[PDB]
Amino acid sequence: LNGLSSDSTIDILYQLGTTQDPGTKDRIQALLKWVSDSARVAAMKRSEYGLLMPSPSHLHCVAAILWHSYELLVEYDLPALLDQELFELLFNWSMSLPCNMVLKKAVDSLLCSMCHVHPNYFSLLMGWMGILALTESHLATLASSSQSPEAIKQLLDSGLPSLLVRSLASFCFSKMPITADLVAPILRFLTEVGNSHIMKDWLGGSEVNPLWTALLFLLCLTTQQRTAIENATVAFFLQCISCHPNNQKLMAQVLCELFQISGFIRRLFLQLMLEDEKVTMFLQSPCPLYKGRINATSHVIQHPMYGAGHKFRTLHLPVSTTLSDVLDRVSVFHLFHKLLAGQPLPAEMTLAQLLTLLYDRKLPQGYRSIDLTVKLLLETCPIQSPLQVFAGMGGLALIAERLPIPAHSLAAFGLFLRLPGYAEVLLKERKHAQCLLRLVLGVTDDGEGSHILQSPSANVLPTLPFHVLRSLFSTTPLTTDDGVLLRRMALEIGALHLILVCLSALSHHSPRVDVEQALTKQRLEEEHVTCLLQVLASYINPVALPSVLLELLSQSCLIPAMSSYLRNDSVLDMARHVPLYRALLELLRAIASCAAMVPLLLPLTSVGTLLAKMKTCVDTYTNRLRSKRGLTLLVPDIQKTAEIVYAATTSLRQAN
């Protein structure tokens, strides 16, 4: 069967086309003759098997040959071979093919390479399209063929993207007629051309940014039309904000204005913000990259600049992917970037750190792909995710106001998200934060088919909301005004109430005013009580306070709880719950450092006396150990902390 393609034949054709020897010009002419003969046979059939059924992979390989030989500065007249007659033949061929067909994509890659060699061919193409009644085929061909800096500049200067954006905005808020059927094709066209960073900058510019709000207003029509427009809008926004900080700021601003959480806006938020950003990596090697290739025929029609054959690979990877993972996907191998000239990239960098470095080295923001070379900085901050941009503008607090894992943990997380700075502390663990955020939006999957509960470190999720709060309170002192506002808002929104209500249900005490299945439950509850005690300690004594605090902490189950934990005469029994007792001591040191709270330690059988008894227990235990001659860190904790609490109560009673 003639004309059948495979990775091997594609590589053969690419080597023949791009091998620069005195016959290369004739080989290129032969490839273009095959292309022209295939196009003409297609035209006849519209009105020899290698012509009747040209491999899309082979047409794309010819396109990649043309692209790379144009960029390789060949010693023959490459532009002379690419005549306007061939361009017109290919334009008619592609215009005849239905959209989304792989053959049409290959012919359009050929058109893209020809426009890249002769930019005036893009003007001819636009004229032939009428650049109005642009069909989906017109848009597909134009988007594919405009993927060159010259063609993209001409497309922008034609006013066609502006016309499309204005017409789409006029449609959303209700010069070129737009119907609901044309909205999704136009959005797909804008996404395709927005593969380019120039169009990506234009789409996040002042002329287009009304369209973002217009789309959200329209989505926040037939049911199928609404679904198509919603998917197209999500794809469009993802392309616009993909590794593009300025468009991320714009998207965050638009979302915040929208909020100032169900249906499309939830779906959008889940797809745009609660999923890892994906970036395109373009790997070039001086030697073939075979790992990951299947011997069966595959028509991978990408942009011709990404080459063809074994020495070029294109991977759409999450930005969390390490460079070692990329190399293992394609294959001592060293990854290099042109901007970081002559510096092997460390294998554990991650693509986010690489993007940070490259944007620092003047890589255009939103650039379509990371272009690495496989030949043969780890402190770098990862590039901000769109969620970090949204959170940094208070967007998550806005979402919080519109919002197995314990239910109280989720409710606490939803409430704590309204606190100032909470989202910024939360997002220091991007994947953990993503899991919680997806959970509070009513989504159990992580976006990749994996249940969050069955995800890595799903055992830290239940108390993660409270650990974030402890870090928030602990790094925010009382002296600073943000700390007062934080402490005041926490009480006002009910964060302190929830913590004390959770303390009641988890310590099993009440406000003062199978066998292993139960054991693991008891251990889980004590880990929650531990963090809740620590959260309270950091709220009172970070490493001023609302006046209704002492009343609230006195009517609360807190005094019951700490007294019962302090009513333990078995130092070895304290060795089994060290995290709880260290947290208990820290919460007592917090109360002992706040003269307004010390009243909580003196008699209402006081906690201060109970702590005093616990001290005598441990000093006697030490004496017995001395006589015989995690208690290690806990044996001084009660000792030192008893002195703090004892001293604090003595000073108060002297004051009285």
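Just so you know, residue 1 is the first one in the sequence shown, and it goes up from there.
For the pair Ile452 and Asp445, the minimum side-chain heavy-atom distance is 4.5 Å or more. In this structure the side chain of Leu255 reaches within 4.5 angstrom of the side chain of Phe390, judged on heavy atoms. Residues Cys502 and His528 are not in side-chain contact: their nearest non-hydrogen atoms beyond the backbone lie 4.5 Å or more apart. By the 4.5 Å heavy-atom criterion applied to side chains, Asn100 and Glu136 are not counted as neighbours. Two residues are said to be in side-chain contact when any heavy atoms from C-beta on lie closer than 4.5 Å; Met305 and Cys112 fail this criterion. A heavy-atom distance below 4.5 Å is found between the side chains of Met101 and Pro98. Using a 4.5 Å cut-off on side-chain heavy atoms (C-beta onward), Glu275 and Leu272 make no contact.
A 6.0 Å sphere centred on CG of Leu378 holds more than 12 heavy atoms belonging to other residues, nucleotides or ligands. Within 6.0 Å of CG on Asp481 lie no more than 12 heavy atoms contributed by other residues, nucleotides or ligands. Annotation: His497, atom NE2; neighbour count of heavy atoms from other residues, nucleotides and ligands within 6.0 Å does not exceed 12.
Of the possible donor and acceptor atoms, one in the side chain of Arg487 sits under 3.5 Å from a partner among the backbone N and O of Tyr539. Looking at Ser148, its side chain never comes within 3.5 Å of a backbone N or O of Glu150 through a donor-acceptor pair. Side chain of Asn247 to backbone of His244: no donor-acceptor contact under 3.5 angstrom is found. Using modelled atom types, no side-chain atom of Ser170 and backbone atom of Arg166 make a donor-acceptor pair closer than 3.5 Å. A donor-acceptor pair is defined here as one N or O able to donate and one able to accept, closer than 3.5 Å; no such pair exists between the side chain of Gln147 and the backbone of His303. A donor-acceptor pair under 3.5 Å links the side-chain atoms of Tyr422 to the main chain of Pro465, judged by distance alone. When atom types are taken as modelled, the side chain of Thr141 and the backbone of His138 share no donor-acceptor pair closer than 3.5 angstrom.
For the salt bridge (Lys or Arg N to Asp or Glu O under 4.0 Å) test, residues two or more places apart in sequence or in another chain that qualify with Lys104 are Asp108. Residues passing the salt bridge (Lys or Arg N to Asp or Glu O under 4.0 Å) test with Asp325 are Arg329, sequence neighbours excluded.
Heavy-atom minimum distance, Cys115 versus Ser145: CB-O, 3.8 Å. Between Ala391 and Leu396, the shortest heavy-atom contact is CB-CD1, 3.8 Å.
In this structure, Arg188 is not positioned above the aromatic face of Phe236 in the sense of NZ or CZ being under 6.0 Å from the six-membered ring centre and within 45° of the axis.
From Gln302, atom CD reaches atom OG1 of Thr314 across 4.0 Å, with rounding to the nearest 0.5 Å. Atom CD1 of residue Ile131 and atom CG of residue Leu155 lie 8.0 Å apart, to the nearest 0.5 angstrom. Between atom CD1 of residue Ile178 and atom CG of residue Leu164 there is a gap of 6.5 Å, rounded to the nearest 0.5 Å. With values rounded to the nearest 0.5 angstrom, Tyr306 atom OH is found 4.5 Å from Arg368 atom CZ. Within the model, atoms CG of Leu357 and CG of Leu339 stand 10.0 Å from one another, a figure rounded to the nearest 0.5 Å.
When each of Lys200, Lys278, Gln248 is checked for a side-chain hydrogen bond (donor to acceptor under 3.5 Å, both in side chains) with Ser242, only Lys200 meets the rule. With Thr233 as reference, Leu215 is the one residue of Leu211, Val183, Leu215 to meet the side-chain contact (heavy atoms from CB on, under 4.5 Å) rule.
A tilted orientation is assigned to the rings of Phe91 and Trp128, their planes being inclined by 30° to 60°. Ring orientation note: the planes of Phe173 and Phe217 are tilted relative to one another, at an angle of 30° to 60°. Using the six-membered ring where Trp is involved, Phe237 and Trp212 have ring planes that are tilted, between 30° and 60° apart. Taking the six-membered ring for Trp and thresholds of 30 and 60 degrees, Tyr367 and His197 have ring planes inclined between 30 and 60 degrees apart.
Centroid-to-centroid, the aromatic rings of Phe466 and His408 come within less than 6.0 Å.
Looking at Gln434 and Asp446, their side chains never bring a donor and an acceptor atom within 3.5 Å of each other.
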